[PDB]
Amino acid sequence: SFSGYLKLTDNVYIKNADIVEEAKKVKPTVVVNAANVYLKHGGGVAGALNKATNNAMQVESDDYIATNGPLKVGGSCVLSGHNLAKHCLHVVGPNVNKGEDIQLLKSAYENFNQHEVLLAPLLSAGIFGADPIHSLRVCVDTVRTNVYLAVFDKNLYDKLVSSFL
Ligand SMILES: CC(=O)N1[C@@H]2CC[C@H]1c1cccnc1C2
């Protein structure tokens, strides 16, 4: 069971935590990856999750792309969670540093509704360049299933909580 989360709404919870450490402790049914369309898990959340799998996530992902081609921005795929979770839901939020449409963030969060409970980061935050405050608002207004958000940066976590409405 998830522990130490602050309840923001009926279905959204948040914690200042490293999502890799959280996944290793909880072993959730679903961990969300902040993926790109190519499933190239180089940095940010994706790089960290992939490193924690000893690159097994990347190997699996490369086979997935070779068979299926790239994901769409706003889309997702379900792959193995390896040693971190039962499944990994790879979700592609828009990357503002690539000029992608921030309106696709809502479509990205809609993928979460296909899973009753998820451990997730804020989509499009961090190296994806979107405002994490906006990402949290889109999350709360889009996701209806139970989502446990892990925010690594304590300063950002405090800002997210203190500005939540
Ligand atoms: C150390 C650090 O900044 N991070 C790790 C992996 C990506 C980033 C991060 C973001 C959100 C939740 N957990 C985490 C934990």
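Starting from 1, each residue takes its place in the sequence as its number. Computed from heavy atoms alone, side chains included, the values below leave out hydrogens, waters and symmetry copies.
Judged as a side chain to side chain contact (heavy atoms under 4.5 Å, CB included), and not counting sequence neighbours, the contacts of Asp131 are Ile133, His134. In terms of the side-chain hydrogen bond (donor to acceptor under 3.5 Å, both in side chains) criterion, residue partners of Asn55 (sequence neighbours excluded) are, by chain and number, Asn50. Residues satisfying the ring pair (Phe, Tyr, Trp, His ring centres under 6.0 Å) criterion with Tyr157, sequence neighbours excluded, are absent altogether. Applying the side chain to side chain contact (heavy atoms under 4.5 Å, CB included) criterion to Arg137, with sequence neighbours excluded, gives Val140, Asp141, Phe164, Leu165. Under the rule for a ring pair (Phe, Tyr, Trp, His ring centres under 6.0 Å), the partners of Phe2 that lie at least two apart in sequence or sit in another chain are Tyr5, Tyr148. Scanning for side chain to side chain contact (heavy atoms under 4.5 Å, CB included) contacts around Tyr38 gives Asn36, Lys40, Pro70, with sequence neighbours left out. With sequence neighbours excluded, the residues satisfying side-chain hydrogen bond (donor to acceptor under 3.5 Å, both in side chains) with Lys106 are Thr142. Checked against side chain to side chain contact (heavy atoms under 4.5 Å, CB included), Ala35 has the following partners two or more places apart in sequence or in another chain: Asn33, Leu39, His90, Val92. Looking at residues two or more places apart in sequence or on another chain, you find a side-chain hydrogen bond (donor to acceptor under 3.5 Å, both in side chains) between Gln103 and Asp101. Shown here are the side-chain hydrogen bond (donor to acceptor under 3.5 Å, both in side chains) partners of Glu100, two or more places apart in sequence or in another chain: there are none. Evaluation of the ring pair (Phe, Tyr, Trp, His ring centres under 6.0 Å) rule for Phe128 yields no partner, not counting sequence neighbours.
Enclosure of atom CD in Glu21 by more than 12 non-hydrogen atoms of other residues, nucleotides or ligands within 6.0 angstrom is indicated.
Taking CG of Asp153 as the reference point, atom CG of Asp18 lies at 12.0 Å (rounded to 0.5 Å). Separation of atoms CG (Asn68) and OG (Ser61) is listed at 11.5 Å; rounding is to 0.5 Å.
Residue pairs satisfying the salt bridge (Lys or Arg N to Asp or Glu O under 4.0 Å) criterion with at least one member in residues 115-127, sequence neighbours excluded, are absent.
The backbone N or O of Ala150 sits nowhere less than 3.5 Å from a side-chain atom of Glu22 that would complete a donor-acceptor pair.
Across all non-hydrogen atoms, the minimal contact from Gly74 to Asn111 is O-ND2, 2.9 Å.
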